[PDB]
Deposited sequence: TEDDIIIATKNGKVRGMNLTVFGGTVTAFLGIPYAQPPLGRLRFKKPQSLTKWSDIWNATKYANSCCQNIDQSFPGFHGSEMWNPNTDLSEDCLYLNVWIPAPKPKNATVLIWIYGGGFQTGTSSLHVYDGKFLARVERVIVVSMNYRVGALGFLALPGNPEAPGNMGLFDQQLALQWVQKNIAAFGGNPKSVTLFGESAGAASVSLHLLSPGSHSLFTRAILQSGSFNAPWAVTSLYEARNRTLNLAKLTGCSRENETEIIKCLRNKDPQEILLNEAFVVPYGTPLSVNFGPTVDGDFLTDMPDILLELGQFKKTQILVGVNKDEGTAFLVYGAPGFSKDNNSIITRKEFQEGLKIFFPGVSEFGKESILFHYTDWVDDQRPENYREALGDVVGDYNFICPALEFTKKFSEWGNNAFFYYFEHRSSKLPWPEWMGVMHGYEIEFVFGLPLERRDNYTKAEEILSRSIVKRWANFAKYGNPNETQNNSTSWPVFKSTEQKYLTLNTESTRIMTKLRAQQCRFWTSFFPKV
């Protein structure tokens, strides 16, 4: 079937999903290909095509380095791109219930990947189950990553920074001018994302240019106040100049540096992004969002303190073991192929890798705060402490803090704590409930019963799916009789809802004792 968009018509596909049908448009272009003289610039709006575009296959994924630490391993390769890499990559995808709705709420997914990786066409981001089961329209877009998306020379329209954020913004504009032709409501659109996708979503809360382009926001395992999320203009200029040296592109002038960089083979940009930082860590974001004076008119924390942001409802959460995924990408003694029992010395060496610039006194204080063992017998105490150090500092504690400050402006906020470990998880049991492994429950993958999930995992996925869709439609993540009511998160009581197969409780002040260190003592070492 065909739909006419404001720049031409596109042809879709019929998908048979759970005894019904979902109509899919995969690979709609939404911007001019950022090639040649457009490399490093903001995305240019598309002009009309006379033929009919066939949105029938997923499009090219944006240029990016590939995780090849574990050749053959599903737990790492499931995140790698599954279409061809190319600078020609500004495409989005649209999934629509059948029969065609007339004012369906739209959910727009922004993937993560540390701003360096990612693509909207991963299996775990398949929006067909969401459209089928809750009658929402699901949209996802490819946006530029690494230096091709976030190389910054502040002030210069040739390489201004945040280009990948503007990609996302141009996709949200596309939805405003086209989703009605598909049966969707441009006045009921909810952004959701994970990790850098979540951080991206929260930056759309701040940027005035994005204010009118969506309604509500969902932030899975990420926010802009996380330590990895924003590069200083200082650091970004140091890194741009380092990439210039590593590629042979050091000039005396900004515009000649980018003229030279625009002539490099993409793989000569890609394969040098790793060296622009002298002391990276497994959480390094070589090229990420900056204070560009355009997307971010100021520095996000001031915008958040002063209350200069879109006022709306938010849904925010974290997983139980955010930290463990990064331990096997650098920390000594850790492996996916053994139980990774480490000593206090190895723990001290892992703190070095994750906190390279921290004084010996500060690293001792991290150690001390995380070693008040409730059972000082357990060999795996140190292995768990290091994962909790990384997870609390990089994900959990910033998410709580963001929700506190955002709520204190008269906004309904809801917070969740995801504790279910997937029965299919390819990684070892010690990594627990990992970063990224709630996504397949949010997208409804366990509802497919020919897939080796458990029954409880189907029941859990179905409620998360329902609650997310309800928050999109109504602004409150409610479910149907025998269902826990989700209370608002408020600064004083700090109530959050737990998610797991056993019992979903309501709790207060998540990990408050851990996070007191990262907010109130660590900033002073």
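Colleague: Provide the list of deposited-sequence positions lacking C-alpha coordinates, grouped into contiguous ranges.
Modeller: Gaps in the modelled chain, taken against the deposited sequence, lie at 1 to 4, 485.
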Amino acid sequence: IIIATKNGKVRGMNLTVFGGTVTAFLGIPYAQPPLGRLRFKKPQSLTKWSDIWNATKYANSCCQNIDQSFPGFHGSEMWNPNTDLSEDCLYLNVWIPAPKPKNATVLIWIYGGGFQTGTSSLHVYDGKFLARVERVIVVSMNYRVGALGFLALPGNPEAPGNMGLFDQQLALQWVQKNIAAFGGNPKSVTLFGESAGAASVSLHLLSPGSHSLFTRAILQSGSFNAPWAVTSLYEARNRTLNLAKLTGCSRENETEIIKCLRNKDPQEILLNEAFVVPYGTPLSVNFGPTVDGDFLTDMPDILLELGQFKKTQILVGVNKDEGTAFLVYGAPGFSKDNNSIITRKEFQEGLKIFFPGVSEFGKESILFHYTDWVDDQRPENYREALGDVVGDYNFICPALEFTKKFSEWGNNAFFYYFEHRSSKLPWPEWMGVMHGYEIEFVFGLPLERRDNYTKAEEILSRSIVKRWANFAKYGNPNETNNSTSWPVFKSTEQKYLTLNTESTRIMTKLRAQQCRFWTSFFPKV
From here on, numbers count along this sequence of modelled residues.
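Colleague: Averaging C-alpha B-factors over each stretch, which comes out higher, 301 to 309 or 134 to 142?
Modeller: So the stretch with the higher mean C-alpha B-factor is 301 to 309.
Colleague: Regarding 513 to 521 and 499 to 507, which shows the higher C-alpha temperature factor on average in the entry?
Modeller: Taking the mean C-alpha B-factor of 513 to 521 and of 499 to 507, the larger value falls to 499 to 507.
Colleague: For the CA B factor values reported in this entry, which option in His204, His435, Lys100, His420 has the top one?
Modeller: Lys100 has the highest C-alpha B-factor of those listed.
Colleague: So if I compare the CA B-factors in the entry for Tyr279, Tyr329, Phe150, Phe368, which one is the largest?
Modeller: Answer, based on the entry's C-alpha B-factors: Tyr279.
Colleague: Should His74 be placed in the lowest, middle or highest third of its chain by the C-alpha B factor in the entry?
Modeller: As the PDB entry reports it, the C-alpha B-factor of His74 lands in the lowest third of its chain.
Colleague: Taking the entry's C-alpha B-factors for this chain, is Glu440 in the lowest, middle or highest third?
Modeller: As the PDB entry reports it, the C-alpha B-factor of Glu440 lands in the lowest third of its chain.
Colleague: Please say which third, lowest, middle or highest, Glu360 falls into when its CA temperature factor is compared across its chain.
Modeller: Highest third - that is where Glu360 ends up once the chain's C-alpha B-factors are sorted.
Colleague: By the record's CA B-factor, is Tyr234 among the lowest, middle or highest third of residues in the chain?
Modeller: Its C-alpha B-factor, which the entry lists for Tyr234, ranks in the highest third among residues of this chain.
Colleague: Where does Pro446 sit by CA temperature factor within its chain: lowest, middle or highest third?
Modeller: Highest third, going by the recorded CA B-factors of the chain.
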